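Visitor:
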Amino acid sequence: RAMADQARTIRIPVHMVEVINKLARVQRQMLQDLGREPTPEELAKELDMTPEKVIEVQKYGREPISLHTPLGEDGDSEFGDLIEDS
DNA sequence: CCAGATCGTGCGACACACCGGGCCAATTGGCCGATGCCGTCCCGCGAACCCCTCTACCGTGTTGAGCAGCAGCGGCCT
């Protein structure tokens with residue numbers, strides 16, 4: 344429960360985290376057994392949900408990048424120095 | 001040289017100048033009054049949405065350089 348509540352900067356409810364974990368485990372097992380990357384339809388029929396829900400669950404789980412990652416070869420610039428204030 | 005262009009002059013027409021009359025066309029544009037469809041809101045139920053709780057074979061360990069301060073030790077001094 345604690346890892347479900349204190350593991351992501353953008354918090355997700357417990358049930359959505361459980362769904363994400365289930366989808367990740369199913370995808371890993373399918374990739375291992377089949378030998379190829381499962382398509383969204385294969386997971387959708389395996390997980391008993393629409394492909395839109397599958398892609399939404401995949402999208403929700405991503406980790407934000409950091410603005411301080413250096414991209415200058417000499418070590419002077421940062422990823423956050425090239426973002427325009429829209 | 002002398003005859004038409006130019007202009008003087010004259011008569012008329014006359015396109016309006018007036019400033020005043022006496023009615024009218026077109027053309028209203030308001031919403032008058034009457035009729036009708038849409039915005040807002042107040043439920044009504046239901047799908048989902050998030051939070052909390054509990055499961056008892058048992059199970060017991062994660063480079064170089066420069067400058068400055070501190071710890072250990074050799075050796076007086078009492």
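For what it's worth, PDB author numbering labels the leading residue of the first sequence as 344, then goes sequentially. For every residue, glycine included, the Cβ atom is placed at its ideal position computed from N, Cα and C.
I think residue 357 touches residue 347, with their Cβ atoms under 8 angstroms apart; what is that distance to the nearest whole Å?
Guide: Rounded to the nearest angstrom, the Cβ distance from residue 357 to residue 347 is 5 angstroms, consistent with a contact under 8 angstroms.
Visitor: Count the other C-beta atoms from every protein chain shown that fall within 10 angstroms of the C-beta of residue 425, then say buried if there are 16 or more, exposed otherwise.
Guide: exposed
Visitor: Taking all protein chains shown into account, decide if residue 386 is buried (16 or more other Cβ within 10 angstroms of its Cβ) or exposed.
Guide: buried
Visitor: Please state whether DSSP places residue 381 in a helix, a strand or coil.
Guide: DSSP, reduced to helix, strand and coil, places residue 381 outside both helices and strands of the structure shown, so it counts as coil.
Visitor: Alpha carbon to alpha carbon, how far is residue 365 from residue 377? Give it in angstroms, no decimals.
Guide: CA-CA distance, residue 377 to residue 365, rounds to 18 angstroms.
Visitor: Using three-state DSSP, classify residue 373 as helix, strand or coil.
Guide: helix
Visitor: How big is the Cα-Cα spacing for residue 383 and residue 397?
Guide: 7 angstroms
Visitor: Identify the continuous alpha helix (DSSP H) that holds residue 395 and give its terminal residues.
Guide: 394-403
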